[PDB]
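Residue numbers (the entry's author numbering), protein chains in the order written: chain A, 1 to 29; chain B, 1 to 29; chain C, 1 to 29; chain D, 1 to 29; chain E, 1 to 29; chain F, 1 to 29; chain G, 1 to 29; chain H, 1 to 29.
We treat Cβ as the ideally placed atom computed from N, Cα and C, and that holds for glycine.
Right, one structure below, let's go through it.
8 protein chains.
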Amino acid sequence: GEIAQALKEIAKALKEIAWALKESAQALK
Amino acid sequence: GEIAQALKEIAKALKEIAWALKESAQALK
Amino acid sequence: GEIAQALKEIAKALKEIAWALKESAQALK
Amino acid sequence: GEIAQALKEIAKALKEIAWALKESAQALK
Amino acid sequence: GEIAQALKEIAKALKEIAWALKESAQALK
Amino acid sequence: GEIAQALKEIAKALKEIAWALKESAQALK
Amino acid sequence: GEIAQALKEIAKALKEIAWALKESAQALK
Amino acid sequence: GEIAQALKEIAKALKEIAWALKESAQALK
């Protein structure tokens with residue numbers, strides 16, 4: 001369904017935020 | 001549908017937050 | 001509809017958060 | 001409606017988070 | 001209604017996050 | 001109701017995030 | 001119910017974010 | 001159900017954000 005698909009797109013965007021924060025941890029080290 | 005479309009706009013905004021955080025990681029490097 | 005409109009306002013606020021974080025990346029560089 | 005109104009209050013709170021993050025970018029500059 | 005009331009509690013918690021971030025901006029200055 | 005109760009648990013978790021951010025502001029001061 | 005259970009899992013994940021931020025406050029001090 | 005499943009994917013993504021923030025706390029220590 002379209003709502004479930006849109007919520008999955010929100011989860012994928014939150015994973016992108018996690019990847020960006022992992023890169024910030026590498027920059028700090 | 002309009003609710004699914006609005007949730008997709010929220011996903012796009014969250015991706016913009018990830019892009020901005022990547023810019024911070026590059027600034028620290 | 002009113003719910004879709006309110007979710008679009010949430011997306012616009014998340015874009016404002018992204019813009020603020022982009023400014024933080026410029027400040028770090 | 002009360003749900004739409006509550007979602008608008010969430011959008012306003014997210015805008016307050018953006019304003020606070022802008023204050024951090026100005027402090028770093 | 002109970003759902004609207006719970007969403008208002010989420011908005012109040014997001015305002016608390018904004019206040020904490022404003023304090024971080026004062027600490028950076 | 002169980003949905004309202006779960007949303008209240010999300011509000012409480014967001015307040016915990018605010019408390020943690022206040023600890024960061026105090027560490028910077 | 002399954003939706004209430006999934007929202008409780010979101011609250012637990014937000015608590016994990018708070019714990020990670022508390023650790024960052026300890027690192028800054 | 002598909003909505004509950006999508007919300008569980010959002011919880012998992014939020015846990016990934018917590019893991020990334022823990023990596024930042026370790027980098028600061």
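Provide the residue span of the alpha helix (DSSP H) that contains residue i, from first to last.
i	result
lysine 12/B	2-28
Straight-line CA distance for residue i to residue j?
i	j	result
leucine 21/E	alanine 6/F	26 Å
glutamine 26/B	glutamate 2/D	43 Å
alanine 18/D	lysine 12/H	25 Å
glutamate 9/E	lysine 29/A	38 Å
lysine 15/E	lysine 15/A	24 Å
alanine 4/E	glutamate 23/C	34 Å
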